[PDB]
Structures are given as C-alpha cells and as structure tokens.
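I have placed the structure first, in the form of structure tokens, so that the comments after it can refer back to it.
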Amino acid sequence: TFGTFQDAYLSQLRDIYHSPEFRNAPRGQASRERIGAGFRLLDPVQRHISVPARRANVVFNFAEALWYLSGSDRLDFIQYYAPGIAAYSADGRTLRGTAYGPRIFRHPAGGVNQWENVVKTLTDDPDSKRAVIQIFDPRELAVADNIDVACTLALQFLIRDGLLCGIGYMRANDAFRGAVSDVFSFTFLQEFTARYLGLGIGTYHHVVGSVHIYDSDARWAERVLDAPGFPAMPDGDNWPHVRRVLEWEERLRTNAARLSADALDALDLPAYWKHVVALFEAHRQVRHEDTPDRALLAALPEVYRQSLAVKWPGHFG
Amino acid sequence: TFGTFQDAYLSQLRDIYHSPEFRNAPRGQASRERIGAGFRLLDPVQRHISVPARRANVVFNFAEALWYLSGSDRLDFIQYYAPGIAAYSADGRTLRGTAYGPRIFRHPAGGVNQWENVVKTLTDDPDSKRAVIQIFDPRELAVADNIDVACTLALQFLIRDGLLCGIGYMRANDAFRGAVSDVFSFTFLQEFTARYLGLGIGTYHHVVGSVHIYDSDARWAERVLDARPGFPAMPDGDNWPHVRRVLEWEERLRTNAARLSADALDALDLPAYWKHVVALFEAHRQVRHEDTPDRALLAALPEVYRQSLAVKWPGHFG
Ligand SMILES: Nc1ccn([C@H]2C[C@H](O)[C@@H](COP(=O)(O)O)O2)c(=O)n1
Ligand SMILES: Nc1ccn([C@H]2C[C@H](O)[C@@H](COP(=O)(O)O)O2)c(=O)n1
C-alpha cells in the first residue's frame, strides 16, 4: 500500500530490477519479470511521476486519457504525442489492443457502451460488485502475428463508504514505461467517473499478471532508480468540458489555431480544463516550432510546469 | 504465499470474518467484505478442503470442473450435484455467468475456443504473456435484472522455467463457498493444461476484487474456523480421451442409465486417477437414486475422497 503512485512505481521498479523472478523473452523481447504483482494507492488523484530523470510527459498522459474518452481508435491523434506508438499499428491508421476507447464505450463484443452500464449499475445498486468494464477480447488471440493485443483485462469500480474505488486488472504491464501512463489513465477514469457520480475518491488497486522491465530500458531505468500536488478534477459531469477540450485538441494538433495566454484564460471552461488546453497549446509550440510562451507556462499548476520544463528544457526550462 | 489451498482458504476466511473492511449488501445480500485480496499457492494440486466441519463435497468439485471441460451450459448436469445452483437459472435449463464451460471453449464473443488458442499461443511462444482465457462478457451488464453475471474475469497461464503457472482474476468471490470450488476448478484446469503441454505445475495466483462472506454463512464459517492425506496427481499427457470417457459415464450414472459395482469400477479401461472419479459418480448415484451403498467402492478410493464422502453422506459412507 502506498500513498501516491510515485512511491508504488519506484518500489516496484526496484523490486523487478534487483530481484526479478524470471528473465525471459516473450515475442523475442528480453525482460526482467515478476509474476502476479500489484499495489494499492491511497490517493489516486496524485497519479504523476515527478522524478526528473524519468521525464514524465504530462501532455501525453492527458492526451492518452482523452483519446480513450473520445472512443477513438485512430492513430493520428495519439501518434502526435508519442510517435513510436505507430509501430503497433498494422494498417497505419488505427490501433487495436492499444486503443482502450472503443473497448470502453463500444466494445467489439456486442458494441456495448460499458461506461454507461457501469454508471447505471452503480446508481441502481451502490454496493454492486458487478461494475466492470471489460477491455480484452477473446478474438485477439485467434489470428497469429497480431502486433497489438490488449494487455488490460478489465477495470472495476466500487462505491465503498461514499467513495469510488477503482481496480485495474492487467495480464501484463511494462513497469518502466506503460505503467506510468496506464495508472494515470485508469485513475483519471476513476476520478472522472467519481465526479460524474457525485462521489469522493477511494483507493485504486493495480494487479498485473506479468510486470516487467525490458532489457532495452535498463539504462534509463537505472538512471531513474539512481535519482506539489496534482490538481483535482471539478465536481459533476465533465463530459461537456471534455467535448470542448477535444475540439481544441484537434485544432491545436493540426496547427489550425493557436491560443495566447489571454485567449486561454478566456476559454469557456473550468480552470482545470483550461490548463489541459494550455498543455496542448504548449505542445503545439513544440511540434509546429512556434515561440514558447512564458506567460502560458507561469499560469499552469506547478506539477505541469515541472513536467514541461524537464521534458522540453529548451522550450520551458 | 501458502503451500496448499486449505492454508490459504482458512487464513482468508479468518481475515474476512474477523477483520472485514466493509459490511454492505450488494443486490440486498448482507456481507462482510475485503477489497483487492488474493493469495499464491505453491502446490496447486493440493486443492482440497478436508476440515470435517466444512463438509467439502469432492464429488461436486470434480463435477463442476468436468462440467467446464464439457463446454456445457446445461443446468440438469450441475444442479444434480448442487441443487441450490438452480437459483441462478432464469430459464430452468441453462446457466449464464455461472457456466464457464462455454466461456472457455466457445465464448459468446465470436464462438472462440480460447483453450485451443492458449495452447497454440504457448506452443509458438513459450514465454508468452498473452495466454489468457477471457470469461466475463460485456453484454452481461446489459441484461436487465440479470440473476447470473460472470464473476470470473479471466484465467491466465504462463510457462516459467518449465512449469505452468496459473492466475485467476475475479471481480468478486464468495470466500466461504465459491472460493472452494473456484480454486479447485481453476487449479484443476491448470494441472490438466500442464499435463497436456508436458510440463510440471507452477504456482497458482488468485486475485479478487470483492472477497466476502454472506451473513447467512457466518454461522457455518465460524464452525469451520473453530475446528493430511494428499490429493492425487492427474496423469501425464493428453487427458482429453479420458475426460471424454469420464463424461460418458458421468451422464449415464447421473441419469441412472447405468450403474457399476466396485469390481466393475476397478476393471474400467481408464487410468486409476479417472477410475476413482467415475467411482465418485457411482457413489453419488447410489445416494441420489437410492441404491445400495457400495462399501467396497469406498474402500478403494484415495483417503481424501473417502473422508469427503464419509463426512458429506455419513448415513451411506460414514
Ligand atoms: N496500455 C499498454 C499497452 C502495452 N503495454 C506493454 C505490456 C505488454 O506486455 C506489452 C505488449 O506485449 P505483449 O502483447 O506480448 O504482452 O506492452 C503496457 O504496459 N500498457
Ligand atoms: N463460480 C462462482 C459464481 C458465483 N460466485 C459468487 C461471487 C459473486 O459475488 C456472487 C454473485 O453475485 P454478484 O453478481 O452480485 O457479484 O457469487 C463465486 O464466488 N464463484
């Protein structure tokens, strides 16, 4: 049990690095590995890694979480924030097991919007043990040479003593890279759903079949091992805000618009979501080679400024 | 970490009974509960509960595991061994979330035989992290007033250092009743799959979202807490031919379309391990169809099974 994700993350990284249960090479990928490993977080809103050597990218973090909320499988959205993700796209335009959005809101087993059913299940029966969003699908194993099979099995939500608890079940998790964004996204969905339900935040449990560090990540992982609060999302239904943020996300990503510090403050959005749009504008400055905006940076929560300053030190450091 | 399931079971039962995190009533069923709980078994073949006060039913245990291997959703098969299971059948003929058989071998998502795909996945890539049997289905929460929603999410198998390890992921588990037969069946499937693959047995990991004791079981649960012969190993190799023959006898004995004396059972053309399983079904047929109990049958069984039968049906085998 850990207070914040960062303590859990580093503890697990050290466990696998120094006392791996196995060294093997699934699909030819040499790894250190522990089996059946997990942790409990007391404060899931504190979901970020702030160790500078890790260079956690808070823009990618929100982009991935919002890509899920959009229900999209499209590669162009997410590859803008992480170009290497295209290696898991077989068709050059969509992702499969990596795209949790359609698994959540239109799962290929029946076209089901599972988030809606979870919300209704917990409204009719607050004590329910059934409020599960399934991610994995039985047909992913049916064809050989699938380059992108979902590694998350399911996400569960439970209301306990007025608080929404979350549990993520995964068959496998890259403990150095994937875990950072997976825990971010799952606790983001937990918090988003809690706000929608009008509840506080309970614990988050992460449970993983194979948790591993790729040998190709060892040097960076060693660097990380040798080495301010995350803001709370506003109460209530955040779907209207998410829709407006996604409109700005696409306009900024394609460089079809840009937002000054004053334009960002004038957005018709809660402050929390204004900061997310500001992160997309900062990212647009990087990607499309526009002037880094000192005023934008100064108005962000300190957690976000630090992430930006360490990730792109030439722009925001 | 525990050596055998019985140690894990009693430890967990004590945890939930004396130190529950929550007390609540999902779907109106008052319960003691802990969230996010599990254990590891170093020797999953030792999968049985022998505490006499528990009255663990080894006939049901094998029946449920073999019901799964048969791929069946039929209620008549399984309610014969556990009459109360009929409470979860909406149509009086089939089970839904309780019937893991069809989930394993012809899952509602595409009719996929996932056991074959897992075996093929692990044959092409022994180190695979993808060898998962999905149980739960997204449409189950869309059924209004669904009385039988799968509580197992998935089962995973991994070949690690020549041993087949298994992991059961559940969203919820009844720690008094369901855990006994779920861990039995899952470790049974693990061993069965390990024999087929020519591997030894590794650890079994059980991970559960809501682990709970229903208030209506509290009295029985403390009797168990207030209170060995070893479980036999399944034979090496592909056990599907034996399973097919055992399922033929299971159906004839359950419908009283056949019966076998102790000497007839000993002479069956089956490995000893499976002959004992057929003998358990013949003994159960003697109970449920009111035939003469065969004490000679009882004497030839492994002691673990003898104890189970003697405690469960003392008038017949006690
Ligand atoms: N959201 C994601 C997507 C992928 N992975 C990592 C863990 C998997 O082990 C690996 C995919 O390889 P495989 O399918 O062989 O497990 O990617 C992860 O940790 N989180
Ligand atoms: N193979 C099974 C089937 C059912 N259950 C128990 C756990 C569930 O919590 C409960 C079903 O109720 P619910 O759907 O509300 O969780 O039955 C179990 O432990 N193992």
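In what follows, chains are A, B, ... by sequence order, proteins preceding strands, each numbered from 1. Both counts, for ligands and for their atoms, begin at 1 and track the order of listing.
- Stacking of A/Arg74 on the aromatic ring of A/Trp67 is not recorded, the 6.0 Å distance cut-off and the 45° axial limit not both being met.
- Side-chain atoms of A/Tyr100 and A/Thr152 include a donor-acceptor pair closer than 3.5 Å.
- Test B/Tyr204, B/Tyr68, B/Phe62 against B/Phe184 for ring-ring contact (aromatic ring centres under 6.0 Å, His included) and you get one pass: B/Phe62.
- Within 6.0 Å of OH on B/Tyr17 lie more than 12 heavy atoms contributed by other residues, nucleotides or ligands.
- Using a 4.0 Å heavy-atom criterion, the residues that approach ligand 1 are A/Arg27, A/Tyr100, A/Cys151, A/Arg171, A/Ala172, A/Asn173, A/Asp174, A/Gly178, A/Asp182, A/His212, A/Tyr214, B/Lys129, B/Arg130.
- Legend: ring-ring contact (aromatic ring centres under 6.0 Å, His included) pairs involving residues 20-41 of chain A, not counting sequence neighbours, sorted by first then second residue: A/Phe39-A/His206.
- Side-chain contact, B/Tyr9 with B/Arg54: a donor N or O sits under 3.5 Å from an acceptor N or O.
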